[PDB]
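Text of the file structure_31.txt, holding compact mmCIF, N, CA and C atoms:
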# COMPACT_ATOMS: atom_id res chain seq x y z
N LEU L 386 -64.65 -126.39 27.59
CA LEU L 386 -63.84 -125.30 27.05
C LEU L 386 -63.28 -125.62 25.67
N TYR L 387 -63.17 -126.91 25.33
CA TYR L 387 -62.59 -127.35 24.07
C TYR L 387 -63.56 -128.32 23.40
N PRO L 388 -64.61 -127.81 22.77
CA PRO L 388 -65.53 -128.67 22.03
C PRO L 388 -64.91 -129.13 20.72
N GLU L 389 -65.56 -130.11 20.09
CA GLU L 389 -65.11 -130.71 18.84
C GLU L 389 -63.73 -131.34 18.96
N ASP L 390 -63.33 -131.70 20.18
CA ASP L 390 -62.05 -132.34 20.43
C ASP L 390 -62.25 -133.50 21.39
N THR L 391 -61.58 -134.62 21.11
CA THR L 391 -61.70 -135.81 21.92
C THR L 391 -60.33 -136.25 22.41
N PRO L 392 -60.22 -136.78 23.62
CA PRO L 392 -58.92 -137.27 24.10
C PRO L 392 -58.63 -138.67 23.60
N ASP L 393 -57.39 -139.10 23.82
CA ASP L 393 -56.96 -140.45 23.49
C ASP L 393 -56.94 -141.28 24.77
N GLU L 394 -57.78 -142.32 24.82
CA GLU L 394 -57.88 -143.13 26.03
C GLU L 394 -56.61 -143.94 26.27
N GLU L 395 -56.08 -144.57 25.21
CA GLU L 395 -54.89 -145.39 25.36
C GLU L 395 -53.69 -144.57 25.80
N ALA L 396 -53.55 -143.36 25.25
CA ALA L 396 -52.46 -142.49 25.67
C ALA L 396 -52.57 -142.12 27.14
N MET L 397 -53.79 -141.84 27.61
CA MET L 397 -53.99 -141.55 29.02
C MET L 397 -53.67 -142.75 29.90
N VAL L 398 -54.06 -143.95 29.47
CA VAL L 398 -53.74 -145.15 30.24
C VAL L 398 -52.23 -145.34 30.32
N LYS L 399 -51.53 -145.15 29.20
CA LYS L 399 -50.07 -145.27 29.21
C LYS L 399 -49.44 -144.21 30.11
N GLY L 400 -49.96 -142.99 30.08
CA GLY L 400 -49.45 -141.91 30.90
C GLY L 400 -49.97 -141.86 32.32
N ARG L 401 -50.82 -142.82 32.70
CA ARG L 401 -51.37 -142.91 34.06
C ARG L 401 -52.16 -141.65 34.42
N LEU L 402 -53.19 -141.38 33.62
CA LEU L 402 -54.09 -140.26 33.85
C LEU L 402 -55.52 -140.77 33.97
N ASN L 403 -56.25 -140.19 34.92
CA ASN L 403 -57.65 -140.54 35.16
C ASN L 403 -58.53 -139.50 34.48
N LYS L 404 -59.41 -139.96 33.60
CA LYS L 404 -60.25 -139.07 32.81
C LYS L 404 -61.65 -139.01 33.42
N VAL L 405 -62.54 -138.26 32.78
CA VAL L 405 -63.93 -138.12 33.21
C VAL L 405 -64.84 -138.41 32.03
N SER L 406 -66.08 -138.77 32.33
CA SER L 406 -67.05 -139.11 31.30
C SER L 406 -68.43 -138.67 31.75
N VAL L 407 -69.42 -138.92 30.90
CA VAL L 407 -70.80 -138.56 31.20
C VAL L 407 -71.54 -139.79 31.71
N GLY L 408 -72.17 -139.66 32.88
CA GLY L 408 -72.89 -140.77 33.46
C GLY L 408 -74.24 -140.99 32.81
N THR L 409 -74.93 -142.03 33.28
CA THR L 409 -76.24 -142.37 32.74
C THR L 409 -77.25 -141.26 33.01
N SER L 410 -77.22 -140.67 34.20
CA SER L 410 -78.16 -139.63 34.59
C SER L 410 -77.70 -138.23 34.20
N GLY L 411 -76.80 -138.11 33.23
CA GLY L 411 -76.33 -136.81 32.79
C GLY L 411 -75.37 -136.11 33.72
N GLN L 412 -74.74 -136.84 34.64
CA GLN L 412 -73.80 -136.26 35.59
C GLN L 412 -72.39 -136.71 35.26
N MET L 413 -71.45 -135.76 35.27
CA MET L 413 -70.06 -136.09 35.00
C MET L 413 -69.51 -136.98 36.10
N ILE L 414 -68.71 -137.97 35.71
CA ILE L 414 -68.29 -139.04 36.61
C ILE L 414 -66.85 -139.43 36.30
N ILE L 415 -66.13 -139.83 37.34
CA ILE L 415 -64.78 -140.34 37.17
C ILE L 415 -64.85 -141.83 36.85
N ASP L 416 -64.42 -142.20 35.64
CA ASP L 416 -64.61 -143.55 35.14
C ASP L 416 -63.40 -144.46 35.33
N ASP L 417 -62.34 -143.98 35.97
CA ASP L 417 -61.16 -144.80 36.21
C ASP L 417 -60.39 -144.26 37.40
N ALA L 418 -59.62 -145.15 38.02
CA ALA L 418 -58.76 -144.81 39.15
C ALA L 418 -57.41 -145.49 38.96
N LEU L 419 -56.38 -144.69 38.72
CA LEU L 419 -55.04 -145.20 38.49
C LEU L 419 -54.04 -144.36 39.27
N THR L 420 -52.90 -144.96 39.60
CA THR L 420 -51.86 -144.31 40.37
C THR L 420 -50.63 -144.08 39.50
N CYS L 421 -49.69 -143.31 40.03
CA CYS L 421 -48.47 -142.94 39.31
C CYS L 421 -47.43 -144.05 39.46
N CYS L 422 -47.72 -145.19 38.83
CA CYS L 422 -46.81 -146.32 38.80
C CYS L 422 -46.56 -146.71 37.35
N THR L 423 -45.28 -146.75 36.97
CA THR L 423 -44.93 -147.05 35.58
C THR L 423 -45.21 -148.50 35.22
N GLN L 424 -44.88 -149.43 36.11
CA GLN L 424 -45.04 -150.84 35.82
C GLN L 424 -46.51 -151.25 35.96
N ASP L 425 -46.83 -152.41 35.39
CA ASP L 425 -48.17 -152.98 35.45
C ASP L 425 -48.25 -154.12 36.46
N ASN L 426 -47.51 -153.99 37.57
CA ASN L 426 -47.39 -155.06 38.55
C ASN L 426 -48.43 -154.88 39.66
N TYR L 427 -49.68 -154.79 39.24
CA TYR L 427 -50.85 -154.68 40.11
C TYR L 427 -50.79 -153.45 41.02
N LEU L 428 -49.85 -152.54 40.80
CA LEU L 428 -49.66 -151.39 41.67
C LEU L 428 -50.25 -150.10 41.11
N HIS L 429 -50.53 -150.04 39.80
CA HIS L 429 -51.15 -148.85 39.25
C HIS L 429 -52.57 -148.65 39.77
N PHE L 430 -53.23 -149.71 40.22
CA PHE L 430 -54.53 -149.58 40.85
C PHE L 430 -54.38 -148.97 42.24
N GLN L 431 -55.37 -148.18 42.64
CA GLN L 431 -55.36 -147.54 43.96
C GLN L 431 -55.96 -148.42 45.04
N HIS L 432 -56.58 -149.55 44.68
CA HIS L 432 -57.29 -150.36 45.65
C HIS L 432 -56.33 -151.09 46.59
N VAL L 433 -55.22 -151.59 46.07
CA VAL L 433 -54.29 -152.44 46.82
C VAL L 433 -53.38 -151.63 47.76
N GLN Q 3 -80.28 -143.05 22.89
CA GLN Q 3 -79.21 -143.61 23.71
C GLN Q 3 -77.85 -143.27 23.12
N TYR Q 4 -76.93 -144.24 23.17
CA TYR Q 4 -75.59 -144.07 22.64
C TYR Q 4 -75.13 -145.34 21.96
N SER Q 5 -74.09 -145.19 21.13
CA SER Q 5 -73.57 -146.32 20.37
C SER Q 5 -72.97 -147.37 21.28
N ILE Q 6 -73.11 -148.63 20.88
CA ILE Q 6 -72.50 -149.76 21.59
C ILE Q 6 -71.32 -150.24 20.77
N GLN Q 7 -70.12 -150.14 21.33
CA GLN Q 7 -68.92 -150.51 20.62
C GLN Q 7 -68.69 -152.02 20.68
N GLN Q 8 -67.73 -152.48 19.88
CA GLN Q 8 -67.36 -153.88 19.81
C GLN Q 8 -65.85 -154.01 19.95
N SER Q 9 -65.41 -155.11 20.56
CA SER Q 9 -63.99 -155.41 20.74
C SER Q 9 -63.28 -154.26 21.47
N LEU Q 10 -63.69 -154.10 22.73
CA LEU Q 10 -63.20 -153.00 23.56
C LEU Q 10 -61.68 -153.01 23.65
N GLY Q 11 -61.12 -151.86 24.02
CA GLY Q 11 -59.69 -151.68 24.02
C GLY Q 11 -59.02 -152.08 25.32
N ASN Q 12 -58.33 -151.14 25.95
CA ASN Q 12 -57.49 -151.45 27.11
C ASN Q 12 -58.06 -150.96 28.43
N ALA Q 13 -59.07 -150.10 28.42
CA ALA Q 13 -59.60 -149.54 29.66
C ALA Q 13 -61.01 -149.02 29.47
N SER Q 14 -61.68 -148.76 30.60
CA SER Q 14 -62.93 -148.01 30.66
C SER Q 14 -64.11 -148.73 30.02
N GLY Q 15 -64.50 -148.30 28.82
CA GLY Q 15 -65.79 -148.66 28.28
C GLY Q 15 -65.97 -150.14 28.05
N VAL Q 16 -67.24 -150.56 28.11
CA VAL Q 16 -67.61 -151.94 27.87
C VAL Q 16 -68.06 -152.09 26.42
N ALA Q 17 -68.04 -153.32 25.93
CA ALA Q 17 -68.39 -153.60 24.54
C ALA Q 17 -69.09 -154.95 24.44
N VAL Q 18 -69.85 -155.11 23.36
CA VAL Q 18 -70.56 -156.35 23.07
C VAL Q 18 -70.10 -156.84 21.70
N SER Q 19 -69.63 -158.08 21.64
CA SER Q 19 -69.16 -158.65 20.39
C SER Q 19 -70.33 -158.91 19.45
N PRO Q 20 -70.08 -158.93 18.14
CA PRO Q 20 -71.16 -159.24 17.19
C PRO Q 20 -71.68 -160.65 17.40
N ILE Q 21 -72.96 -160.83 17.05
CA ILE Q 21 -73.63 -162.10 17.26
C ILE Q 21 -72.90 -163.19 16.49
N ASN Q 22 -72.54 -164.27 17.19
CA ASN Q 22 -71.82 -165.39 16.60
C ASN Q 22 -72.74 -166.60 16.57
N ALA Q 23 -72.93 -167.16 15.37
CA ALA Q 23 -73.77 -168.33 15.17
C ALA Q 23 -73.22 -169.11 13.99
N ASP Q 24 -72.87 -170.38 14.23
CA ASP Q 24 -72.37 -171.24 13.17
C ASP Q 24 -73.00 -172.62 13.14
N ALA Q 25 -73.44 -173.16 14.29
CA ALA Q 25 -74.09 -174.46 14.29
C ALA Q 25 -75.47 -174.39 13.65
N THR Q 26 -75.99 -173.17 13.46
CA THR Q 26 -77.31 -173.01 12.87
C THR Q 26 -77.28 -172.94 11.35
N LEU Q 27 -76.10 -173.03 10.74
CA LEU Q 27 -75.99 -172.91 9.29
C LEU Q 27 -76.65 -174.09 8.60
N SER Q 28 -77.40 -173.81 7.53
CA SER Q 28 -78.07 -174.83 6.75
C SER Q 28 -78.19 -174.34 5.31
N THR Q 29 -78.33 -175.29 4.39
CA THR Q 29 -78.43 -174.99 2.96
C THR Q 29 -79.85 -175.27 2.49
N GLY Q 30 -80.45 -174.30 1.80
CA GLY Q 30 -81.80 -174.45 1.29
C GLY Q 30 -81.85 -174.85 -0.17
N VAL Q 31 -82.10 -176.13 -0.43
CA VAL Q 31 -82.23 -176.65 -1.78
C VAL Q 31 -83.55 -177.40 -1.88
N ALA Q 32 -84.29 -177.12 -2.96
CA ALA Q 32 -85.61 -177.72 -3.12
C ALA Q 32 -85.52 -179.24 -3.25
N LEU Q 33 -84.67 -179.73 -4.15
CA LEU Q 33 -84.43 -181.16 -4.35
C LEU Q 33 -85.69 -181.92 -4.75
N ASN Q 34 -86.77 -181.20 -5.06
CA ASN Q 34 -88.01 -181.85 -5.49
C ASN Q 34 -88.56 -181.17 -6.73
N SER Q 35 -88.11 -179.95 -7.00
CA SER Q 35 -88.55 -179.24 -8.19
C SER Q 35 -87.96 -179.88 -9.44
N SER Q 36 -88.81 -180.10 -10.44
CA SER Q 36 -88.40 -180.69 -11.71
C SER Q 36 -88.79 -179.75 -12.84
N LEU Q 37 -87.82 -179.41 -13.68
CA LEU Q 37 -88.04 -178.54 -14.82
C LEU Q 37 -87.35 -179.12 -16.04
N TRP Q 38 -87.91 -178.83 -17.21
CA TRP Q 38 -87.41 -179.36 -18.48
C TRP Q 38 -86.94 -178.22 -19.37
N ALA Q 39 -85.94 -178.51 -20.20
CA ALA Q 39 -85.42 -177.55 -21.15
C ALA Q 39 -85.26 -178.22 -22.50
N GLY Q 40 -85.45 -177.45 -23.56
CA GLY Q 40 -85.36 -178.02 -24.89
C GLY Q 40 -85.28 -176.95 -25.96
N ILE Q 41 -85.10 -177.42 -27.20
CA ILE Q 41 -85.04 -176.56 -28.37
C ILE Q 41 -86.06 -177.07 -29.38
N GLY Q 42 -86.49 -176.17 -30.26
CA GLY Q 42 -87.46 -176.56 -31.27
C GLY Q 42 -87.77 -175.41 -32.21
N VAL Q 43 -88.65 -175.70 -33.16
CA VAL Q 43 -89.10 -174.73 -34.15
C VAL Q 43 -90.54 -174.36 -33.81
N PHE Q 44 -90.77 -173.07 -33.54
CA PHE Q 44 -92.07 -172.58 -33.11
C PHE Q 44 -92.51 -171.45 -34.02
N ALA Q 45 -93.83 -171.28 -34.13
CA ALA Q 45 -94.39 -170.26 -35.01
C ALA Q 45 -94.02 -168.85 -34.54
N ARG Q 46 -94.14 -168.58 -33.24
CA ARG Q 46 -93.89 -167.26 -32.69
C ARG Q 46 -92.93 -167.37 -31.52
N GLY Q 47 -91.92 -166.51 -31.50
CA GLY Q 47 -90.98 -166.49 -30.40
C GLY Q 47 -89.75 -165.69 -30.77
N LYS Q 48 -88.99 -165.32 -29.75
CA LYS Q 48 -87.74 -164.61 -29.96
C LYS Q 48 -86.64 -165.60 -30.32
N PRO Q 49 -86.01 -165.47 -31.49
CA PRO Q 49 -85.02 -166.47 -31.91
C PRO Q 49 -83.80 -166.49 -31.01

Write-out of the structure in structure tokens:
Amino acid sequence: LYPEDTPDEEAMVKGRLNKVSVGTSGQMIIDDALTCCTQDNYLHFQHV
Amino acid sequence: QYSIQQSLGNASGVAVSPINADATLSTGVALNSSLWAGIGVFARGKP
């Protein structure tokens, strides 16, 4: 919907937002998994 | 394909650093070529 515009990856990481990208086979893919945790104490990841 | 970035940031994409080589450095000097230089008076030449 918004061509010729690119997001800021670092701003999204600081704001704890998960973005999307284009995969190898031309399929849109979720390239990160983060949670709504302000600190970086191993809790922003969803795995733990 | 797509561009390969260098010195990746804080998340997501992967990167490859530029090729680093320093032990392979060497200096190329002939050290055997001999040439002579001089001045003189000649019939034809650019002064």

*asked:* Contacts from chain L to chain Q, 8 Å maximum, all atoms listed in the file: show me the residue list as a VMD selection string.
replied: chain L and resid 394 to 395 398 416 to 417

*Backbone-only DSSP, helix (DSSP H, G or I) members of chain L, as a ChimeraX atom specification*: /L:394-400

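One distance worth recording is that between atom N of residue 426 in chain L and atom C of residue 403 in chain L, which is 18.5 Å.
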
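The space separating atom C of residue 425 in chain L from CA of residue 7 in chain Q comes to 26.3 Å.
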
*To one decimal in Å, tell me the separation between atom C of residue 410 in chain L and atom N of residue 4 in chain Q.*
12.6 Å

*Within 12 Å of (-71.1, -139.1, 28.5), in the coordinates the file gives, what residues turn up when you count only C-alpha atoms, written out as an NGL selection string?*
(:L and (391 or 404-416)) or (:Q and (3-5 or 15))

_If you run DSSP on the backbone here, which positions in chain L get strand (DSSP E or B)? Please write them as number ranges by chain._
L: 405-407, 413-415
